[PDB]
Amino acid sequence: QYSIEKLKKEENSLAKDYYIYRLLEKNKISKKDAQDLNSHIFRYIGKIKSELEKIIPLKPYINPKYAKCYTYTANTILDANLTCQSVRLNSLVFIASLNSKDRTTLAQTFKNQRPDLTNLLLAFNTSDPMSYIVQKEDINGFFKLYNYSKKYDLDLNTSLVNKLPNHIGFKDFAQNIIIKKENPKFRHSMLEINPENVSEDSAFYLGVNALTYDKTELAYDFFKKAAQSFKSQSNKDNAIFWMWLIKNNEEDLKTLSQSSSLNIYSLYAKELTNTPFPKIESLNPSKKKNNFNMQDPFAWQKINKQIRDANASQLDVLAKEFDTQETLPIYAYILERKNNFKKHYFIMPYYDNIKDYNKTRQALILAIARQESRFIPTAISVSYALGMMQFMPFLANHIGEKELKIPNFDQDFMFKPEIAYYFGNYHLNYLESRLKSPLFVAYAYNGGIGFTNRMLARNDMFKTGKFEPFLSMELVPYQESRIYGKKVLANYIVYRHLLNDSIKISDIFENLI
């Protein structure tokens, strides 16, 4: 427990944020203590911001140069000077609120200097502003209208759709409409995007899009462009896997099987080609401990910052300092940076707490902890999930107080490895009993069993099909859970291998359908 006075002495960090949030939620921050407090908050977002704003609303913040502009309304905007008129017309809701005669007037006013404003004003004088903006091929207007309302939907011709990728909004547009299976005319139109005009994630999602319309040759061309342009080897491998699945070129599979990235795709390719399992590093420090406190959340925030700012030389000093059994998770974390992310570290710390579970359970626990925290006992997420297994306070308290009735339980007990692994086992029993597959369990661990149940109830998810279950894995509608599932599944395969309880990843894939 930390008073606001003592917290204010600590460096700004997620740990300090968490402990400030704990005071706010227990009503221990007075209006007077609240006055300076946002200079003490490292990430002023979500619940900490809503809680603080209940004590001290934000009057902030309109830019003082344009103050006067915000004194007009739709009824008086024709009395405003030209700068004021153009500032207020940045808002499409403001434009929508205008009467049509004033939209006509303002459109004429702005036609020479701001034809973008003209196009939007006249668009809103029609019953379908999107159709007007599309006829003009006003790309900036298109994205403004999309951000205003996701309900507009229209066919887009080859020329227009090939202009969209140059706008910063394209990537989120494409991803959202493909994954959410919305805006079907937009989605169908995006089949005519030239792969030459897209790259990376956008190219990849356009591949996925093409597969949903069974346009396999277009899909291949998008995935090939993605494989060529993606920065990360793990993403390139995902793209190459699709190239292989669609066109069956055995050079694509061979390239995938020789990847330096360990991921589900490279593991699968290795299995299909009878390639040996990738080499896993063995870390076995003989030193037992050092002076570092693995149970101090503030100390972790500080050493993490140091490690991530350390030059090649400082990483070697830190490596030596943390080369002990007690600080093994910090050691592996340092080595991962020091070796430029080329070696595979799959540690098993605090193993005494799980050695009596069966090996398949051990592997799933380890797989989850590796992705959740990298085994850092005092890990804290941006949403204040806690410890090695990244329990949200709600769940920690439900399990620790309601279910297990641990005397004097506090959510900070999640920072103790014994508790993290015990609670993790407890919750994984609940999930696995309902879902079975380690991939589904992973999705429910990160995203909730409600989300997972709803996804699996759909007719179009994890059912039989030409490109299943891989296609479904690309369409998991929450990006954090989609990524999380792929990573945890790879880790699970590795840990099962390391525990002498190997499973073929092909058997996992068969059990998904």
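Rigid core: the largest C-alpha set superposing within 1.5 Å between the two forms. Numbering starts at 1 and runs along the sequence shown.
A fit on the rigid core, followed by a root mean square over CA positions in 9 other deposited structures of this protein, ranks 207-215 against 311-319 and picks 311-319 as the more shifted one. Stretch comparison, 53-61 versus 476-484: after rigid core superposition, larger RMS CA deviation in 9 other deposited structures of this protein is found for 53-61. Comparing 457-465 with 64-72, the stretch with the higher mean C-alpha B-factor in the PDB entry is 64-72. In this entry, 294-302 has the higher mean Cα B-factor, the comparison being between 195-203 and 294-302. When the Cα B-factors of 319, 106, 177, 246 are read from the PDB record, 319 comes out highest.
Residue-level inspection of the entry shows that, of 336, 153, 221, 237, 336 has the top Cα B-factor.
Ranked by Cα temperature factor within the chain, residue 475 sits in the lowest third according to the deposited record. Sort the chain's modelled residues by C-alpha temperature factor and residue 182 lands in the highest third, per the entry. Per the deposited record, the Cα B-factor of residue 285 falls in the highest third when ranked against the other modelled residues of its chain. Among the modelled residues of the chain, residue 271 sits in the lowest third by CA temperature factor in this PDB entry. Ranked against the other modelled residues of its chain, the C-alpha B-factor of residue 37 as given in the entry falls in the highest third.
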